[PDB]
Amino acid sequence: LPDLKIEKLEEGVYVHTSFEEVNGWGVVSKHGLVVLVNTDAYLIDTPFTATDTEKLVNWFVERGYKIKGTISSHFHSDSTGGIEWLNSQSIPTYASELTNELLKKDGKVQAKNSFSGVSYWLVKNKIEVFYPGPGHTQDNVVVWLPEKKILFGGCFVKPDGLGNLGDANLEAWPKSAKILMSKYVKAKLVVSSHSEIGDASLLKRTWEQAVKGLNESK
């Protein structure tokens, strides 16, 4: 099983990539980010496991950084698997109240901090959490970095195919995807969960795949 990967994307922005093996899929990988605000560090999604989340934390803590908060883009374990351990560490965890509501239903540990609004600033003018509408899941949120013009779209951004439809809203995804496009028309980079990095075109490609996957389902 490949090691938790950490790669500097640019100043103050790192992509963490963790790995899971699941029968009927082989070895799956998952991208999140760590975002620095000066010497404050923020986790955008957690690794699948407590153990990899710890490694991720330690890596930055040992380099001097203070883990100030974590935000999970949706309720599925590939974003939320580390929440429990981080809670036991008194490292502050966030999720929208819908994500938290869905985590509870799933029998999962909830984030300690939440918010009810479409938009929420985790750091004043530096980290914005935004809910486009239902897509991959009812609750999926994106994370925007205004200074850098980087959008982490989580599993909502699916330019090459929609992936797991298990909890999806095919009816709503096209609308949500358009809302996303209209909000962040000047994105320079778009980091997704299971696709390589790209520019703002990825948001259009998602709208397109949403519209396709929808038609297919009828």
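Quick note: we count residues from 1 along the sequence shown, nothing fancier.
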Check your understanding: Out of 160-168 and 41-49, which one has CA B-factors that are higher on average in the deposited record?
Key -> 160-168
Check your understanding: In the PDB record, does 98-106 or 67-75 carry the higher mean Cα temperature factor?
Key -> 98-106
Point to revise | Deposited CA B-factor, highest of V34, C155, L151, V27 | key: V27
Review point. Which third, lowest, middle or highest, does the CA B-factor of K126 fall in along this chain?
Key: middle
Practice item. Sort the modelled residues of this chain by their C-alpha B factor and say whether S90 lands in the lowest, middle or highest third. Key: middle
Exercise for review: Please place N23 in the lowest, middle or highest third of its chain by C-alpha B factor as given in the entry.
Suggested key: highest
Revision key, fill the gap. Chain-relative C-alpha B factor for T17 (record values, thirds): the lowest
